[PDB]
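Engineer: Residue numbers (the entry's author numbering), protein chains in the order written: chain z, 2 to 234; chain d, 2 to 76; chain y, 1 to 265; chain v, 75 to 103.
Positions of the beta carbon are idealized from the N, C-alpha and C atoms, including for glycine.
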Amino acid sequence: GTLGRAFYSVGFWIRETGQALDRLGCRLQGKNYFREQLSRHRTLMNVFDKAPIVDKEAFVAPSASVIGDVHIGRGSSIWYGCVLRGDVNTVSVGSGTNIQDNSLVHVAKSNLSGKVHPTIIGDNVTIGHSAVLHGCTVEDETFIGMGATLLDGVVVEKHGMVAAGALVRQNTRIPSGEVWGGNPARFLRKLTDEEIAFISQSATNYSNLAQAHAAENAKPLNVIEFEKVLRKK
Amino acid sequence: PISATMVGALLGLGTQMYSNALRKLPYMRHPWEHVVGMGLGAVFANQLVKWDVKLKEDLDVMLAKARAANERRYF
Amino acid sequence: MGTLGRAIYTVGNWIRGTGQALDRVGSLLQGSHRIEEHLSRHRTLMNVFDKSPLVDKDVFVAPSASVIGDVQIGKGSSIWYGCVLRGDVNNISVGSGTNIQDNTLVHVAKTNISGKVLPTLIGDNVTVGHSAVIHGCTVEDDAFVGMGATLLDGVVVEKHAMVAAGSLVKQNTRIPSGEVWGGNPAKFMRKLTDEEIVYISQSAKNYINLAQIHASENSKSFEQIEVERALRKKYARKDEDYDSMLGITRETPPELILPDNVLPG
Amino acid sequence: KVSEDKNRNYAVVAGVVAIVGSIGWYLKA
Ligand SMILES: C/C=C/C(=O)SCCNC(=O)CCNC(=O)[C@H](O)C(C)(C)COP(=O)(O)OP(=O)(O)OC[C@H]1O[C@@H](n2cnc3c(N)ncnc32)[C@H](O)[C@@H]1OP(=O)(O)O
Ligand SMILES: [Zn+2]
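#1: Helix, strand or coil: how does DSSP classify d:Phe76 here?
#2: Quick one: is z:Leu39 buried, meaning 16 or more other Cβ sit within 10 Å of its Cβ, or exposed?
#3: Looking only at C-alpha atoms, which of z:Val169, z:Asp102, z:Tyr207, z:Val92 sits nearest to z:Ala109?
#4: Could you check if y:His38 is buried or exposed, using at least 16 other CB atoms within 10 Å of its CB as the buried criterion?
#5: With DSSP as the reference, please indicate the residues paired to y:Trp181 in a beta bridge.
#6: Starting from z:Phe8 and walking both ways along the beta strand (DSSP E), at which residues does that stretch end?
#7: Quickly, what does DSSP pair y:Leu54 with across the bridge? List them, please.
#8: Any beta carbon of chain y sitting closer than 8 Å to that of v:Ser96?
#9: In terms of alpha-carbon separation, which member of z:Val230, z:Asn223, z:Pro119 lies closest to y:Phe222?
#10: Jot down the residue ranges of each uninterrupted beta strand (DSSP E) in the segment 101-159 of chain y, minimum 3 residues, whole runs only, in chain order.
#11: For a test of your reading of the model: does the CB of y:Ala164 fall under 7 Å from any non-hydrogen atom of ligand 1? Yes or no.
#12: Between y:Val108 and y:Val89, is the Cβ-Cβ spacing less than 8 Å?
#13: Who are the Cβ neighbours of z:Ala52 in its own chain at under 8 Å, not counting the five residues just before and after it?
#14: Quick one: which unbroken beta strand (DSSP E) runs of 3-plus residues sit fully inside the segment 137-181 of chain z? Chain order, please.
#15: Below 8 Å between beta carbons is the criterion; list the residues of the segment 9-21 of chain y that meet it against any residue of chain v, in chain order.
#16: Which chain y residues sit within Cβ distance under 9 Å of v:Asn81?
#17: Excluding the 5 residues flanking y:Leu168 on each side, which residues of the same chain have their C-beta closer than 7 Å to its C-beta?
#18: Select from z:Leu134, z:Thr193, z:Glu142 the residue whose C-alpha is nearest the C-alpha of z:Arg86.
#19: Under DSSP, the beta strand (DSSP E) around y:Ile92 begins and ends at which residues?
#20: Using a beta-carbon distance below 8 Å, is z:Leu29 in contact with chain v?
#21: Measure from the C-beta of z:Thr18 to each C-beta in chain d and report whether the shortest distance is under 8 Å.
#22: DSSP state of y:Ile257, grouped into three classes?
#23: Using a beta-carbon distance cut-off of less than 8 Å, what residues from the segment 210-225 of chain z approach chain y?
#24: Along the alpha helix (DSSP H) that carries y:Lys233, what are the first and last residues, could you check?
#25: For z:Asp124, collect the residues of the same chain with a Cβ closer than 8 Å to its Cβ; drop the 5 residues on either side in sequence, then sort them by chain order.
#26: Let me see if you follow: with CB-CB separation under 8 Å, is v:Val86 close to chain y or not?
#27: Confirm, please, whether the CB-CB distance from y:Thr18 to z:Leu22 is below 8 Å.
#28: Alpha carbon to alpha carbon, what distance is there between z:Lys234 and y:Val59?
#29: Answer yes or no: does any C-beta atom of chain v fall closer than 8 Å to that of y:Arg86?
#30: Against v:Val76, what residues of chain y qualify as contacts under a CB-to-CB distance less than 8 Å, listed in chain order?
#31: What does a CB cutoff of less than 6 Å around d:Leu12 pick up in its chain, not counting 5 residues either side in sequence?
#32: Report the CB separation of y:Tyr9 from v:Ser77 in whole angstroms; it is logged as a contact under 8 Å.
#33: Please confirm if z:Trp14 has its CB atom under 8 Å from at least one CB of chain d.
#34: Drop a sphere of 10 angstroms on the beta-carbon of z:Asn172, count the other beta-carbons inside from all chains shown, and report buried for 16 or more, exposed for fewer.
#35: Can you tell me which of the three DSSP states z:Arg187 falls into?
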């Protein structure tokens with residue numbers, strides 16, 4: 002709360018002073034390594050006491066951005082280039098759910114247009130590449146087409162499908178077993194059983210793929226690349 | 002109470018914050034400078050008080066001489 | 001050097017220790033809530049399933065790009081900031097002199113729903129616009145995919161064909177030569193004028209030239225970055241009047257001069 | 075192990091001398 006925020010602010014003053022002192026000490030020794038422009042990107046970023054809570058069996062790509070109060074469950078996966086920003090409200094991701102590359106899952110930045118809705122992503126959900134989820138609920142075992150946009154208030158009922166490139170307008174409800182698509186999103190047809198099987202099997206295949214990518218990313222950083230970057234001329 | 006030291010320290014801290022704000026920097030950017038400004042403001046306020054006291058004494062001596070020179074007229 | 005050198009070095013050690021201890025104390029006062037910034041773990045090129053990307057000598061890969069798995073990129077191509085080329089379940093092939101612009105996603109499929117699953121093929125001299133998404137489709141040579149456009153699995157963009165910016169090209173759709181398609185869903189719009197064909201070729205060549213300056217900048221070392229930062233500050237403004245009084249002519253150092261092929265003229 | 079820039083070291087000595095001298099100046103007045 003307020004007292005925690007005051008201690009966080011005063012803490013930053015002590016840290017600023019200490020880091021300045023370290024830079025002084027390095028300057029007296031004739032070192033300029035602190036001037037190097039290194040990336041300050043954090044895979045998990047806190048905004049005061051709103052931090053992400055990520056399950057140990059969840060793959061998160063290092064270049065992904067998870068900011069604020071974000072919950073990722075077991076067996077879930079946040080792929081390369083994704084951004085999840087729950088600060089004004091919360092963002093929760095169920096288990097076994099894949100958020101594909103360059104997807105954006107965020108909440109409204111301001112309450113000017115009313116109260117800010119949280120974003121709820123259910124279980125065994127597939128979110129396609131470069132999809133935009135904005136304060137919407139996406140129930141279990143649903144399919145969000147790649148390049149699609151879901152606006153605040155939207156509900157995608159279980160076994161719902163949003164077609165690739167679709168624009169689901171604000172407060173639209175997508176019923177179960179329906180395929181909606183286009184701009185604005187409109188009912189196209191019903192979901193077949195083969196496609197339901199594909200939904201579940203695709204969520205399972207991506208959990209196995211996430212595991213493989215997590216092992217290759219956790220491999221220790223190669224020293225030879227470091228020495229090559231260091232000794233360049 | 003309200004000593005010169007406290008007024009000067011507050012003025013110096015306010016001077017460091019004002020400077021940071023005029024430069025669009027966070028109010029508490031470089032806090033050690035806020036400490037330095039507090040000390041310098043305290044010193045300046047105390048020295049101003051002492052200087053004012055001294056000034057009054059010098060003025061009294063000068064005014065005494067002026068009045069003596071003026072009273073010499075009626076001799 | 002000398003005794004004074006050693007004494008100042010030792011005092012600097014003490015000051016550094018004090019500074020880091022103060023930083024630790026400040027972290028404790030914050031409640032340990034702030035997540036510490038760490039060394040970068042993002043890998044520009046990565047192996048997966050014993051598949052390594054095959055990238056030519058003269059290819060710009062932005063350090064922020066992700067090239068993963070079984071990816072082949074040919075001579076003069078360029079992968080720009082934020083691009084993700086994930087060849088983990090199938091092959092991705094990029095021809096020569098082809099630009100994949102910022103924040104673009106290129107992915108493959110192991111088994112499509114119906115029909116023969118195919119890898120992702122992008123031909124020579126192809127322009128792919130910003131934030132496009134290419135999924136399990138074929139783009140032939142001298143084609144143009146607009147920015148924000150989306151190609152689904154089984155799509156074939158033919159030679160000298162265009163996909164308009166922001167389009168959604170449905171599965172198995174074939175954009176024939178000489179046409180531009182667009183919209184959601186993508187459909188025929190009009191024929192491509194010859195001037196636009198020349199435009200496509202010029203776009204590919206211009207991006208070949210742009211890739212050179214970006215690649216040169218992104219691969220500089222810390223020392224060269226510092227040297228050029230000092231030089232840039234040195235030559236940011238001028239006093240040609242005082243220079244003429246001194247009788248000297250300050251010349252811009254060559255490391256701050258861009259090649260003429262990227263200049264607007 | 076050693077700071078090499080001599081002019082930097084002399085400047086450091088001058089700054090320390092100024093600080094200690096200012097402190098002594100206050101302490102003896
Ligand atoms: C060297 C550097 C190279 C680079 O980096 S460039 C790559 C990044 N730039 C781009 O991606 C943009 C390239 N240009 C285009 O995509 C462009 O649009 C395009 C190439 C379809 C063509 O755009 P035009 O300006 O030529 O529009 P037209 O008049 O020819 O088309 C008519 C029609 O198409 C529609 N309009 C046209 N363009 C588009 C689209 N795309 N979508 C949807 N709707 C459109 C519009 O409705 C128009 O009127 P209506 O019939 O009443 O609807
Ligand atoms: Zn994919």
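Structural biologist: So, to answer that:
#1: One-based indexing of the second sequence puts residue 76 of chain d at position 75. Reduced to three states, the DSSP call for d:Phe76 is coil.
#2: Locating residue 39 of chain z in the first sequence gives position 38, where the first residue counts as 1. With fewer than 16 Cβ atoms within 10 Å of its Cβ, z:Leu39 is classed as exposed.
#3: As a working note, residue 109 of chain z is residue 108 in the first sequence. If we check each option's Cα against that of z:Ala109, z:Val92 comes out closest.
#4: Residue mapping note: residue 38 of chain y aligns to position 38 of the third sequence, counting from 1. So y:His38 counts as exposed.
#5: On the third sequence, residue 181 of chain y is found 181 positions in, with the first residue counted as 1. y:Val163, y:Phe188, per the DSSP bridge assignment.
#6: Start at 1 with the first residue of the first sequence, and residue 8 of chain z comes out as number 7. First-last for z:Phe8: 3-29, but that is the alpha helix (DSSP H), not the beta strand (DSSP E).
#7: The count along the third sequence starts at 1 and reaches residue 54 of chain y at position 54. According to DSSP, which records beta bridges pairwise, y:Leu54 is partnered with y:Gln72.
#8: On the fourth sequence, position 22 is the one that residue 96 of chain v refers to. No, v:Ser96 lies away from the interface with chain y (no Cβ there is under 8 Å from its Cβ).
#9: Taking the first residue of the third sequence as position 1, residue 222 of chain y is located at position 222. Nearest option by C-alpha distance: z:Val230.
#10: If we require 3 residues or more, the beta strand (DSSP E) runs fully inside the segment 101-159 of chain y come out as 105-107, 120-122, 133-135.
#11: Residue numbering aside, residue 164 of chain y sits at position 164 when the third sequence is read from its first letter. Within the cutoff, so yes.
#12: Position 108 of the third sequence, counted from the first residue, corresponds to residue 108 of chain y. Position 89 of the third sequence, counted from the first residue, corresponds to residue 89 of chain y. Their beta carbons are under 8 Å apart, which means y:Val108 touches y:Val89 by this criterion.
#13: As a working note, residue 52 of chain z is residue 51 in the first sequence. Correct list, in chain order: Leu45, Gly69, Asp70.
#14: If you keep only unbroken beta strand (DSSP E) runs of at least 3 residues inside the segment 137-181 of chain z, you get nothing at all.
#15: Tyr9, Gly12
#16: Stepping through the fourth sequence from its first residue, residue 81 of chain v is reached at position 7. Under the 9 Å cutoff, chain y gives no residues; its nearest Cβ is about 12 Å from v:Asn81.
#17: The residue you call residue 168 of chain y lines up with position 168 of the third sequence. Correct list, in chain order: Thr150, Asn184, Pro185, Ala186.
#18: Residue 86 of chain z sits at position 85 when you count from the first residue of the first sequence. Nearest option by C-alpha distance: z:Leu134.
#19: What you label residue 92 of chain y is simply residue 92 of the third sequence in a count that begins at 1. First-last of the beta strand (DSSP E) with y:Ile92: 84-94.
#20: In the first sequence, residue 29 of chain z corresponds to position 28, counting from 1. Taking Cβ atoms only, chain v reaches closer than 8 Å to z:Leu29, which makes this a yes.
#21: Residue 18 of chain z sits at position 17 when you count from the first residue of the first sequence. So, interface residue.
#22: Position 257 of the third sequence, counted from the start, is the residue given in the question as residue 257 of chain y. y:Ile257: coil per DSSP, three-state reduction.
#23: When C-beta distances to chain y are compared with 8 Å, the residues of the segment 210-225 of chain z below that value are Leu210, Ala213, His214, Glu217, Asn218, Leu222, in chain order.
#24: Here residue 233 of chain y refers to the residue found at position 233 when the third sequence is read from its first residue. Per DSSP, y:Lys233 belongs to the alpha helix (DSSP H) from 222-234.
#25: The residue labelled residue 124 of chain z in the question sits at position 123 within the first sequence. Same-chain partners within the cutoff: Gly74, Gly95, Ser96, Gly97, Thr98, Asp141, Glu142.
#26: For the purposes of this step, residue 86 of chain v is taken as the residue at position 12 of the fourth sequence. It does: the Cβ of v:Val86 has a partner Cβ on chain y nearer than 8 Å.
#27: Within the first sequence, the letter at position 21 stands for residue 22 of chain z. Within the third sequence, the letter at position 18 stands for residue 18 of chain y. Cβ atoms of z:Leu22 and y:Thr18: closer than 8 Å.
#28: For the purposes of this step, residue 59 of chain y is taken as residue 59 along the third sequence, with counting starting at 1. For the purposes of this step, residue 234 of chain z is taken as residue 233 along the first sequence, with counting starting at 1. Cα to Cα, y:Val59 sits roughly 19 Å from z:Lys234.
#29: Numbered from its first residue, the third sequence carries residue 86 of chain y at position 86. No, no contact with chain v.
#30: Against the fourth sequence, residue 76 of chain v aligns to sequence position 2. Ordered by position in chain y, the residues that pass the 8 Å Cβ test against v:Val76 are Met1, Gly2, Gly5, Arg6, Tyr9.
#31: By one-based count along the second sequence, residue 12 of chain d stands at place 11. Same-chain partners within the cutoff: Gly42.
#32: Here the question's residue 9 of chain y lines up with position 9 in the third sequence. Here the question's residue 77 of chain v lines up with position 3 in the fourth sequence. Indeed, because the Cβ distance is near 5 Å, the residues count as touching under 8 Å.
#33: Here the question's residue 14 of chain z lines up with position 13 in the first sequence. Yes, its Cβ sits closer than 8 Å to a Cβ of chain d.
#34: In the first sequence, residue 172 of chain z corresponds to position 171, counting from 1. Answer is exposed; the Cβ neighbour count stays below 16.
#35: As a position in the first sequence, residue 187 of chain z is number 186, starting the count at 1. The answer is strand: DSSP assigns z:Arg187 an E or B state.
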